[PDB]
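Below is one structure; the comments refer to it alone.
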Amino acid sequence: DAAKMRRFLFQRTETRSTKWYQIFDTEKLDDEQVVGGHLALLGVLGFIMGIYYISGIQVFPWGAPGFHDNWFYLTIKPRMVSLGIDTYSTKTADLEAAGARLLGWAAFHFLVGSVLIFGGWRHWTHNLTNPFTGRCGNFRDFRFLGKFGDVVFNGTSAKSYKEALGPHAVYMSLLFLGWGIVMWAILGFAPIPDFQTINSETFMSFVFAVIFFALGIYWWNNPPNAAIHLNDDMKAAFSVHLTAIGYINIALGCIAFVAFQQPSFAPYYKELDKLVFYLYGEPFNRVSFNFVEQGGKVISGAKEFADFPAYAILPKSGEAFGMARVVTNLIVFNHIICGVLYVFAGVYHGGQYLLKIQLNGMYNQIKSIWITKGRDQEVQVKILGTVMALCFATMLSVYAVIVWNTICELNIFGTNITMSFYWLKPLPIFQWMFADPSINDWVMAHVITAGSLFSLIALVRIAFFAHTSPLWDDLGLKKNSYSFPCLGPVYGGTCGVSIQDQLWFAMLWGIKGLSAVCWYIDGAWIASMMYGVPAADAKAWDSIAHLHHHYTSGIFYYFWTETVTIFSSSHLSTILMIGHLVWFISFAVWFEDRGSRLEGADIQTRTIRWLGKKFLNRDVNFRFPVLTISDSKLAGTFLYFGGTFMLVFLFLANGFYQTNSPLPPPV
Amino acid sequence: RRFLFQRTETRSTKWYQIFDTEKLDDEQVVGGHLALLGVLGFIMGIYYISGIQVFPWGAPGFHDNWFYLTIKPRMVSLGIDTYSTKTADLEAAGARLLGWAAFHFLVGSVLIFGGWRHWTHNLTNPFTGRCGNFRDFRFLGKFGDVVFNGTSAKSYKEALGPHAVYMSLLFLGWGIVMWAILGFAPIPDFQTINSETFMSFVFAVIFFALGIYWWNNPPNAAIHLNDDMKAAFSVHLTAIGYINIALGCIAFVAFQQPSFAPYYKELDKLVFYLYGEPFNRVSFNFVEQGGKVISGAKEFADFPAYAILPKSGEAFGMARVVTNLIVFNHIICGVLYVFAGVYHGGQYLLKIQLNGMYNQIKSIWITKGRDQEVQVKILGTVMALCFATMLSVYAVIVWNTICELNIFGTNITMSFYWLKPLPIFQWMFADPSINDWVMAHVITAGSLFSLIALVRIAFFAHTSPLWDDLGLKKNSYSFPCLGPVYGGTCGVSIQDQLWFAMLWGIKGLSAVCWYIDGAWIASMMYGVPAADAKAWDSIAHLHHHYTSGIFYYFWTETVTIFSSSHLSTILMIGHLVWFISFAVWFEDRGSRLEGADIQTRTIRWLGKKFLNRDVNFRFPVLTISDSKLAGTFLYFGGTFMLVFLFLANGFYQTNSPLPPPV
Amino acid sequence: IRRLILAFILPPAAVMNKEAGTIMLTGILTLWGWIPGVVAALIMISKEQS
Ligand code: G2O
Ligand SMILES: CCCCCCCCCCCCCCCC(=O)OC[C@H](COP(=O)(O)OC[C@@H](O)CO)OC(=O)CCCCCCCCCCCCCCC
Ligand code: SF4
Ligand SMILES: [Ca+2]
Ligand SMILES: [Ca+2]
């Protein structure tokens, strides 16, 4: 009746809505519910760690062929060899012990995770009753553990988050000491301050246990004040800690990248190059079209090799396939992308809280420095403008250097590779942080700076212009939803001004500066777009710049080289197809086409209703829903970012192929 | 109420609308077409100049270029150029090319002069001093007395006829041009270029006899006469688009025929020195000087300095490369002209729906689709057929690739290797297979899929059943949206539907590119050594080895793009231009506007207390309409500057069906 | 003096007078190598005096 339809597209409208992906929004969660959710998720984390340990079994000591290699366990196998729970052992006898140890640790993780999940469930339901004693614990005022909960934290459980930092630090000191004693007792590894063995890990676990305990005492008796995070800790403290964890995670990725290449880490990562890996989905022993089983020996349709019966997964060496740095790059890039995403999400959730306090006037009611700074509307403009100017300068300089390098490679306009930026290396005072310092590393540093500033532009726009901007201050407008996609074509268009869309743009902009890491950690010569290509002079880089290594290929030729192995395997090929499929579908929701989709969905609804009557019968009242531009942007950011980083994984997991033999000039 | 229509109009004074039909009359259109044809003759002349290889006075000529290599088979067909390996014959070929280029310059100067002289409405003969009335004139003198007895065309429906006899005169004049200048007496032997002269005379007779009928019995289409600037232009533009698609198909079928072998197949028998191809690469310490090779000997002992290295026409199947270039150029131009004709027709349709004379139309071409329920049924059946065909063909492709890669333990014997076209359709193809069936169904799917947007343009130019039930109407044909209302109204104008039709036909046209390159669109992997993609030629019993699959098409046939500097530069520029379109297609215009105001305040802040004086300049941001226009051009150009690299890098579709790896 | 030593060591530390956004500029210039931050600190510490 034209109104029954109207309260159908008045159901996805980007007003304030339920938004199923916000059921666990911190606004409706209290402190104890957060504790319980984190405990349950840590229990599930223990469950999946046990699953990974099970996937690490190769002999099943009770007697059976084991699991094939997989990235889920290959990314942690060096750690388990470091802890002595797994082995790089060539013999079944020492591998049965590793299987037994992994099975026992998986069972232990299952038990501990079940306990942790049950505790988190009881915290989630506000049910801290001890079934053995029948009493009930008080979340607001509890003794921590007992006598230990009285000598330190003399009763008086923390009532505020700034008052909870200290007991948390003491809890983390307990964690460090517990891990140290677990090392010392279960895993051997007595604490020796020899910073070249795993014993140093136990020693530094005890050192950090002492440090964290003292710091927790100090912050228990002298709580610090960020002030504002105490009130809306659901979003303020949560987002600040999220961006802090993002920076910590980027730092951890850098630590992993530096450490896993050191000689002290050789028996755990570099020794992966002496192994042979049988990965799921890799090229299997193929057979002809007329295989008739009857094992022991093939009769009709001889397979590729007489060995590896039927459809066995073919071996691949760890030296040609650089599994050492493949695993290193997987771990490092995982933690780097997670850190970048956590920084972006912390800025976004902080902008959410900050718009919430700008809407109710609490923004002017903040006393802490962290907002009294940006409550200026000019220091906001100055900061964003100087970030944009620095991003413009760095990005323009580095991109023009890259384009000139590519021109000199291809000899466009009759140029030559000696006209390129082969001389532009890091300073000798900066050459210590690179191996084989060249224009590639200079370009990497400047591309990292440019991409970080490019994403920082949108991060600053989230931080400052959550509710209003100098443009929207000059106009008679204000932002009051953090998720509204637009106000319309007025002023030529107002698309994507909310902090959610600014988050999406920050993610898309950081895609470049983050994939630049994938090129780098794979050694892919981002200093030019066509490297190693035999066009004019791209193979002369190794001689003109006196390179010591030989990186894979330039930015564009990186999709030709090392894709020879993505295509060579079925699993990586189907991942490539799925990633590209997911990625381009984001155009259906980022392109300014939502109303076209709504109109076409109305047409399809009328068609299906009519097609359900001309041929079928009965009412066809079902109608096609269209994702609104808020939902369209959310789904599009997910589709785009996942589509690109399901294939950055393919670049990372297809091999290293960054040989240390600089090829001679073409001459 | 006539003011209201002018009041409620979007700004139509944009830089890409200065030559709009609504602000031109008949004679300015004549002048514009005449000047454009003069510049076109100038372009043909410079192409012929680029066709010289021996420079009749005696000198090395032009290196081969795609602009001239496209027309070289035709120029040889007319005898102006030759596939001769001796220098003396190329002397005459270059002399003929130079003479024809000079003739083109002269005729183009005359024709540009005429285009200017019509554009200014001053048709006065400079010698005898008389004038010429555009609305009433004698065509050529006694010719305009024997036919069109004193009078002239008062309307386009009365101009079809004189136009038809003008085209008959063009055919006849081309007949005498061939017969006299080029030899080629008109013989009804449809195996040589004599048949073209004979059919030129036949077409001259036919269009003359048809123009007489259309002058004596003018046709009745009515509505293309009143708002004749846009309605007739759009109808003729979509007609020319379909004609161009047909001509591309004609070229594809004909250029592989044995009769066209002396002009196209002989391209494989020559070596080509294309511009920007790998030259004689040189070492670092080269000094050339007078002794040539004093230090740092170059890549080849011959080919001094940086000479462009030869390229074989056999491995690089430039016969098929040139055929693909011409065919795909005409096909993409035809599809674009069809889309643009539907778009400009929707412009006229919204114009006549706004002013209320939509229901005053009597032609079936309007009344048939003026029901708002017949429109729904047509669009719904188009969407249903599109969904069915595309679901079937895409699931077939995905299943073929799954059976290739042996996902879920599947085997290539489970794929659609048996789904060839029916024998009554196998004459359409050489070596019919799943590739040809998938190609036909992909063409149907893409054509219907872009036809969805075309039909929405043709029907929902002013209102749609959804917008009827809402309190909304379309009145701009270029407006992007009505804001976040109803969850969003993005991209509902006919301009936006035209953009969607273009982006949707991008897939169905890349299908054409990959089929005419023999790139096995039947599956996403082929010739890749994963599980079974190299076993297609054996199980499917193929007589050809297609280049690769859909996804593997970017690895193979790119080894040659990379090996040349020019193709790599085109690749990089196309990718850059393509992804730049995201900055304007994404729902981000307001973000760009806010950031640009930040840029303005920064540039004026950095220029006031660090530089001096006002910095009044402010950064402009394309509006959503401008953003979508620029993004559609960036996307379409970025993809079809590299579809060119597909076409112009070799055929590599050898006839050796890759025995299975066992 | 003390402030020059602070600028050489921690250029943001010496420059706390100027602004809420200028201090980020000095800090990030210090992040890039160490010379840009020191140069900015000396430039804006000799600007209010000279
Ligand atoms: C994967 C590619 C795409 C489609 C598949 C598709 C399908 C589709 N689109 Mg689309 N689209 C883009 C991509 C795709 N758009 C892009 C990249 C842009 C940005 C330029 C874009 C833009 C617009 C605009 C502007 C409009 C639409 C529509 C419209 C609908 C038409 C309805 C119809 O006739 O049926 C046609 C529908 C089909 C043939 C679907 C059949 C399945 C098949 C087997 C493909 C499988 C789908 C997928 C690959 C697998 C995932 C499944 C999952 C389980 C893993 C129809 C659902 C329109 C409407 O919604 O209404 C008309 C509309 O207005 N779009
Ligand atoms: C008879 C008329 C025709 C009737 C039938 C026609 C309709 C049939 C259509 C069915 C299939 C539709 C074609 C596809 C439709 C299509 O391609 O358009 C995308 C589509 C949005 O479509 P709209 O809602 O605009 O319109 C589609 C309409 O057909 C009905 O909604 O959905 C998405 O945005 C997908 C994201 C869902 C959320 C997923 C987010 C990401 C999750 C994680 C996945 C990635 C992992 C991370 C990697 C980065
Ligand atoms: S194009 Fe879409 S997102 Fe942008 S202003 Fe219009 S309705 Fe809003
Ligand atoms: Ca890699
Ligand atoms: Ca080709």
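Going by the structure tokens order, chains are called A, B, ..., each with residues numbered from 1, while ligands are numbered from 1 in the order shown.
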
How would you report the residues lying within 7 Å of ligand 3, as a ChimeraX atom specification, if you count only C-alpha atoms and all ligand atoms? /A:485-489,493-496,592-594,629 /B:480-484,488-491,587-589,624

May I have a table of the residues of chain B lying at most 6 Å from ligand 2, giving each one's closest pair of atoms and their distance in Å to one decimal, counting only C-alpha atoms and all ligand atoms, ordered by chain and ascending residue number, as a Markdown table?
```
| residue | atom | partner | partner_atom_place_in_ligand_line | distance |
| --- | --- | --- | --- | --- |
| B:380 | CA | ligand 2 | 2 (C) | 5.8 |
| B:383 | CA | ligand 2 | 2 (C) | 4.9 |
| B:384 | CA | ligand 2 | 1 (C) | 4.0 |
| B:387 | CA | ligand 2 | 3 (C) | 5.9 |
```

Using only C-alpha atoms, find the residues of chain A whose closest atom to chain B is at most 7 Å away, then write them as an MDAnalysis selection string. chainID A and resid 2 9:10 12:14 283 287:288 303:304 381:382 385 410 471 486:489 492:497 533:536 560 567:570 590:596 599 602:604 607 628:629 667

Surrounding residues as a PyMOL selection string, ligand 5, max 8 Å, only C-alpha atoms and all ligand atoms: chain B and resi 320-321+324+513-514+516-518+557+645-652

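Listed by chain and then by rising number, the residues of stretch 624-660 of chain B that DSSP assigns to alpha helix (DSSP H) from the backbone are residues 624, 625, 626, 627, 628, 629, 630, 631, 632, 633, 634, 635, 636, 637, 638, 639, 640, 643, 644, 645, 646 and 647 of chain B.
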
Env of stretch 356-364 of chain B: 7 Å cut, atoms = only C-alpha atoms, seq-sep filter 4 positions within chain, self excluded. Answer as a ChimeraX atom specification. /B:221,352,368

Using only C-alpha atoms and a cut-off of 12 Å, which residues of chain C sit close to chain A? Please list them as a ChimeraX atom specification. /C:18-26,28-29,31-35

Would you put the residues from that selection into a file with C-alpha atoms, as a PDB file, in the first residue's frame?
```pdb
ATOM      1  CA  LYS C  18      55.382  27.632  21.843  1.00  0.00           C
ATOM      2  CA  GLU C  19      52.132  25.733  21.230  1.00  0.00           C
ATOM      3  CA  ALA C  20      50.206  22.497  21.648  1.00  0.00           C
ATOM      4  CA  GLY C  21      50.780  21.612  17.989  1.00  0.00           C
ATOM      5  CA  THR C  22      54.267  23.024  17.539  1.00  0.00           C
ATOM      6  CA  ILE C  23      55.532  20.606  20.194  1.00  0.00           C
ATOM      7  CA  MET C  24      54.297  17.675  18.108  1.00  0.00           C
ATOM      8  CA  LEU C  25      56.141  19.169  15.135  1.00  0.00           C
ATOM      9  CA  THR C  26      59.381  19.362  17.118  1.00  0.00           C
ATOM     10  CA  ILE C  28      58.190  14.229  15.124  1.00  0.00           C
ATOM     11  CA  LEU C  29      61.138  16.109  13.621  1.00  0.00           C
ATOM     12  CA  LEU C  31      61.713  11.203  15.564  1.00  0.00           C
ATOM     13  CA  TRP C  32      63.049  11.606  12.011  1.00  0.00           C
ATOM     14  CA  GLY C  33      66.734  11.086  12.674  1.00  0.00           C
ATOM     15  CA  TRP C  34      67.672  13.497  15.419  1.00  0.00           C
ATOM     16  CA  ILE C  35      68.796  16.660  13.561  1.00  0.00           C
TER      17      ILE C  35
END
```

Shell around residue B:390 at 8 Å using only C-alpha atoms, local window under 4 positions removed, as a PyMOL selection string: chain B and resi 386+394+441-442+445-446

Excluding stretch 60-62 of chain A and residues on its chain fewer than 6 positions from it, collect all residues at most 7 Å away from it, counting only C-alpha atoms, and give them as a ChimeraX atom specification. /A:96,99-100

How would the residues just chosen look if you wrote them out with N, CA, C and O atoms as a short mmCIF file (atom, residue, chain, number, x, y, z; two decimals), in the first residue's frame?
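Everything below was put into part06.cif:
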```cif
data_model
loop_
_atom_site.label_atom_id
_atom_site.label_comp_id
_atom_site.auth_asym_id
_atom_site.auth_seq_id
_atom_site.Cartn_x
_atom_site.Cartn_y
_atom_site.Cartn_z
N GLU A 96 58.42 -38.74 18.42
CA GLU A 96 57.34 -39.26 19.26
C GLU A 96 57.27 -38.50 20.57
O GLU A 96 56.18 -38.22 21.08
N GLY A 99 55.64 -35.20 19.86
CA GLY A 99 54.21 -35.39 19.73
C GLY A 99 53.53 -35.59 21.07
O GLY A 99 52.45 -35.04 21.32
N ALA A 100 54.14 -36.38 21.96
CA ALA A 100 53.57 -36.58 23.28
C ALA A 100 53.53 -35.27 24.07
O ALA A 100 52.53 -34.98 24.74
#
```

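Nearest to ligand 1 of all the residues B:345, B:659, B:505, B:31 is B:505, based on only C-alpha atoms and all ligand atoms.
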
Residue list (strand (DSSP E or B), DSSP) for stretch 242-424 of chain B, as a list in words: residues 272, 274, 279, 308 and 311 of chain B

If we count only C-alpha atoms, what is near stretch 36-41 of chain C at a cut-off of 6 Å, once residues fewer than 3 positions away on the same chain are taken out, given as a PDB file with N, CA and C atoms, in the first residue's frame?
```
ATOM      1  N   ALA C   7      67.609  21.102  24.333  1.00  0.00           N
ATOM      2  CA  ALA C   7      67.279  21.055  22.912  1.00  0.00           C
ATOM      3  C   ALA C   7      68.162  20.057  22.173  1.00  0.00           C
ATOM      4  N   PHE C   8      69.457  20.026  22.499  1.00  0.00           N
ATOM      5  CA  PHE C   8      70.349  19.061  21.864  1.00  0.00           C
ATOM      6  C   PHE C   8      69.996  17.629  22.253  1.00  0.00           C
ATOM      7  N   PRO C  11      64.884  17.693  22.137  1.00  0.00           N
ATOM      8  CA  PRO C  11      64.454  18.994  21.591  1.00  0.00           C
ATOM      9  C   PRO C  11      63.049  19.380  22.026  1.00  0.00           C
ATOM     10  N   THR C  26      58.014  19.554  16.645  1.00  0.00           N
ATOM     11  CA  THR C  26      59.381  19.362  17.118  1.00  0.00           C
ATOM     12  C   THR C  26      59.640  17.903  17.475  1.00  0.00           C
ATOM     13  N   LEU C  29      59.867  15.801  14.264  1.00  0.00           N
ATOM     14  CA  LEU C  29      61.138  16.109  13.621  1.00  0.00           C
ATOM     15  C   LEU C  29      62.291  15.435  14.356  1.00  0.00           C
ATOM     16  N   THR C  30      62.211  15.377  15.687  1.00  0.00           N
ATOM     17  CA  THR C  30      63.177  14.608  16.465  1.00  0.00           C
ATOM     18  C   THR C  30      63.088  13.120  16.157  1.00  0.00           C
ATOM     19  N   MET C  44      63.235  27.950  16.839  1.00  0.00           N
ATOM     20  CA  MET C  44      62.164  28.588  17.593  1.00  0.00           C
ATOM     21  C   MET C  44      62.559  28.931  19.025  1.00  0.00           C
ATOM     22  N   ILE C  45      63.796  28.640  19.429  1.00  0.00           N
ATOM     23  CA  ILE C  45      64.327  29.161  20.681  1.00  0.00           C
ATOM     24  C   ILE C  45      65.167  30.413  20.456  1.00  0.00           C
TER      25      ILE C  45
END
```

Which residues form the shell of 6 Å around ligand 4 when you count only C-alpha atoms and all ligand atoms, given as a short mmCIF file (atom, residue, chain, number, x, y, z; two decimals) with N, CA and C atoms, in the first residue's frame?
```cif
data_model
loop_
_atom_site.label_atom_id
_atom_site.label_comp_id
_atom_site.auth_asym_id
_atom_site.auth_seq_id
_atom_site.Cartn_x
_atom_site.Cartn_y
_atom_site.Cartn_z
N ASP A 522 59.78 -9.33 2.15
CA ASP A 522 60.06 -10.30 1.11
C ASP A 522 61.22 -9.87 0.21
N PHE A 651 51.62 -13.52 -1.03
CA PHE A 651 52.99 -13.06 -1.23
C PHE A 651 53.90 -13.54 -0.11
N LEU A 652 53.40 -13.55 1.13
CA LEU A 652 54.23 -13.93 2.26
C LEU A 652 54.42 -15.44 2.35
N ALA A 653 53.38 -16.22 2.07
CA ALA A 653 53.40 -17.65 2.31
C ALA A 653 53.77 -18.49 1.09
N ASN A 654 54.10 -17.86 -0.03
CA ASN A 654 54.48 -18.61 -1.22
C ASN A 654 55.98 -18.85 -1.33
N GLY A 655 56.76 -18.32 -0.40
CA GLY A 655 58.21 -18.43 -0.45
C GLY A 655 58.87 -17.07 -0.31
N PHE A 656 60.18 -17.12 -0.10
CA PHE A 656 60.97 -15.90 0.05
C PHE A 656 61.54 -15.46 -1.30
#
```

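Candidate residues A:611, A:190, A:648, A:578 were compared for distance to ligand 1, and the nearest is A:578, using only C-alpha atoms and all ligand atoms.
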
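All residues of protein, DNA or RNA that reach within 9 Å of residue B:32, judged by only C-alpha atoms and not counting those fewer than 4 positions away in the chain, are residues 27, 28, 36, 37, 112, 115, 116, 118 and 119 of chain B.
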
Could you please take those selected residues and save N, CA and C atoms as an mmCIF file, in the first residue's frame?
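Result file follows (selection-v8.cif):
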```
data_model
loop_
_atom_site.group_PDB
_atom_site.id
_atom_site.type_symbol
_atom_site.label_atom_id
_atom_site.label_comp_id
_atom_site.auth_asym_id
_atom_site.auth_seq_id
_atom_site.Cartn_x
_atom_site.Cartn_y
_atom_site.Cartn_z
ATOM 1 N N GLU B 27 22.979 24.070 -38.441
ATOM 2 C CA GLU B 27 24.129 24.483 -39.237
ATOM 3 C C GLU B 27 25.412 24.461 -38.414
ATOM 4 N N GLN B 28 25.325 24.747 -37.112
ATOM 5 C CA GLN B 28 26.495 24.560 -36.259
ATOM 6 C C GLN B 28 26.870 23.091 -36.138
ATOM 7 N N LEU B 36 35.431 18.494 -37.790
ATOM 8 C CA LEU B 36 35.946 17.261 -37.208
ATOM 9 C C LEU B 36 36.394 16.289 -38.290
ATOM 10 N N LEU B 37 35.659 16.218 -39.402
ATOM 11 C CA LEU B 37 36.074 15.361 -40.506
ATOM 12 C C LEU B 37 37.328 15.899 -41.184
ATOM 13 N N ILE B 112 37.877 21.582 -43.219
ATOM 14 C CA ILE B 112 37.910 22.396 -42.007
ATOM 15 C C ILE B 112 37.466 23.818 -42.317
ATOM 16 N N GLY B 115 33.821 23.595 -42.452
ATOM 17 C CA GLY B 115 33.246 23.446 -41.125
ATOM 18 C C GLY B 115 33.211 24.751 -40.356
ATOM 19 N N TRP B 116 34.297 25.519 -40.428
ATOM 20 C CA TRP B 116 34.310 26.861 -39.857
ATOM 21 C C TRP B 116 33.262 27.742 -40.523
ATOM 22 N N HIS B 118 30.479 26.966 -42.141
ATOM 23 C CA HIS B 118 29.141 26.626 -41.669
ATOM 24 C C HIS B 118 28.939 26.998 -40.209
ATOM 25 N N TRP B 119 29.981 26.884 -39.383
ATOM 26 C CA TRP B 119 29.832 27.152 -37.956
ATOM 27 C C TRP B 119 29.485 28.609 -37.687
#
```
